[PDB]
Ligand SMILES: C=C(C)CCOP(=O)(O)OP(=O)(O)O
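One chain is shown next in structure tokens, namely the form deposited without this ligand.
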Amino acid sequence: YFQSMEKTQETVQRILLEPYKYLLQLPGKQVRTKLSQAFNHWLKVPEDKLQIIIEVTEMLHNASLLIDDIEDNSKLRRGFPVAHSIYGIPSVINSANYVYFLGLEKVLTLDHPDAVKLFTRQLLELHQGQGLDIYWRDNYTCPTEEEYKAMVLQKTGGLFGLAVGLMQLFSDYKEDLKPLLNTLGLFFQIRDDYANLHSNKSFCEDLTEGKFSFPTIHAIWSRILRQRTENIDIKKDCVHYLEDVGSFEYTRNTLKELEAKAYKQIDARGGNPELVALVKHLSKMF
């Protein structure tokens, strides 16, 4: 009886997923699933399949935030400590990477040859995104609004696209959604950026949790050479300086613009009341 194996197997799986679970236990998953279902209104995909897609998509999302936190050197997330301050860097890297490959295992269960091709590209896309973020930081600068957007579409907005890409593989709906997907990607991220600041006498780096954020970008470019982001970064009571230059204003407008661009591109794809409810629910904070 070598049950000492089974024990160490059961043990290691638990540990491997603890950082991942510390992040799932924050508020979140609720909305990213009202989304899938909504899109399925066009793509009419079987239920077993949609669940697997949603799980995979949620797996990558969370594992990526674990890493973003380490890379941006964040102290908090949604008010709590970041996972690596509690579990340590090693264990968190190990956990996030382990989840990516479990995401892979899981994609395989879809049992459709293009699924891995699609997964693989997204994962490469995502890391390139992280790369950009570290690049701007190594050069003591800050992206433009246009460059920020592009980074979002690659990172943790890009991921919808995988979700809907994989769904499409199981649908006869073959009209092109990439456009509407970009639009929602930017809309979710920027909403979030907005929400998180519009939320001490705190400085800007501290509120953004060391992350590039739409309102703080715009503010930095708005009063060849690099950007000297230290003034809008260590500017006391940010949630004012940001009222002052009017970035909260600009952002609200930017979101209103995208809200509307969505409703346009949605009608172009036939209409989808399920999703329009979801947009208008989501708009109500501006």
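Heads up, when I say rigid core I mean the largest set of C-alphas that superpose within 1.5 Å between the two forms. Only residues modelled in both forms are compared. In case it trips you up, residue 1 is the first one in the sequence shown, and so on.
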Requested in this report: Enter the number of deposited residues without atomic coordinates between residue 223 and residue 224, binned as none, 1 to 3, 4 to 9, or 10 or more.
Outcome: 4 to 9
Report task. Could you bin the unmodelled part of the deposited chain lying between residue 199 and residue 200 as none, 1 to 3, 4 to 9, or 10 or more? Result -> 4 to 9
Requested in this report: Compare the mean C-alpha B-factor of 165 to 173 with that of 85 to 93 as given in the PDB entry, and name the stretch with the higher value.
Outcome: 165 to 173
Query raised in the report: On average, are the C-alpha B-factors higher in 229 to 237 or in 49 to 57?
Result: 229 to 237
Query raised in the report: Which third, lowest, middle or highest, does the CA B-factor of residue 10 fall in along this chain?
Result: middle
Requested in this report: Check where residue 247 lands among this chain's C-alpha B-factors and tell me if it's the lowest, middle or highest third.
Outcome: middle
Requested in this report: Classify residue 33 as lowest, middle or highest third according to the C-alpha B-factor given in the PDB entry, relative to its own chain.
Outcome: highest
Report task. Consider only the C-alpha atoms of the modelled residues in this chain, order them by B-factor as the entry records it, and name the third containing residue 24: lowest, middle or highest. Result -> middle
Query - Relative C-alpha B-factor of residue 254, binned into the chain's lowest, middle or highest third - result: middle
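Although it is not shown, the form solved in complex with this ligand is what the next lines describe.
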Query raised in the report: Tell me, which of 258, 52, 65, 245 has a heavy atom within 4.5 angstroms of this ligand in the entry with it bound?
Result: 65
Query raised in the report: What is the one choice in 183, 189, 208, 122 with a heavy atom within 4.5 Å of this ligand in the entry with it bound?
Result: 189
Query raised in the report: Given that the partner is absent here, does residue 78 sit within 4.5 Å of this ligand in the entry with it bound, heavy atoms only?
Result: yes
Query raised in the report: Would residue 29 count as a contact of this ligand in the entry with it bound, using a 4.5 angstroms cut-off between non-hydrogen atoms?
Result: yes
Report task. Would you check, heavy atoms only and a 4.5 Å threshold, whether residue 218 touches this ligand in the entry with it bound? Result -> no
Query - Residue from 105, 138, 172, 176 whose Cα, after superposing the rigid core, lies 2 Å or more away between the shown form and the other one - result: 138
Query - Core-aligned CA displacement of residue 122 at least 2 Å between the shown form and the other one - result: no
Requested in this report: Inspect the rigid-core superposition and answer whether the C-alpha of residue 191 shifts by 2 angstroms or more between the shown form and the other one.
Outcome: no
Report task. Determine, after fitting the two forms on their core, whether residue 31 shows a C-alpha shift of 2 Å or more between the shown form and the other one. Result -> yes
**Report entry** Pairwise C-alpha change, residue 60 versus residue 210, in the entry with it bound against this form - closer or farther, 3 angstroms or more
**Finding:** farther
Requested in this report: Say whether the C-alpha atoms of residue 30 and residue 63 sit closer together or farther apart in the entry with it bound than in the form shown here, given that their separation changes by 3 Å or more.
Outcome: closer
**Report entry** Mobile segments between the shown form and the other one - rigid core superposition, Cα shift of 2 Å or more, 3+ residues
**Finding:** 5 to 11, 29 to 32, 137 to 140, 156 to 158, 200 to 212, 224 to 232, 243 to 245
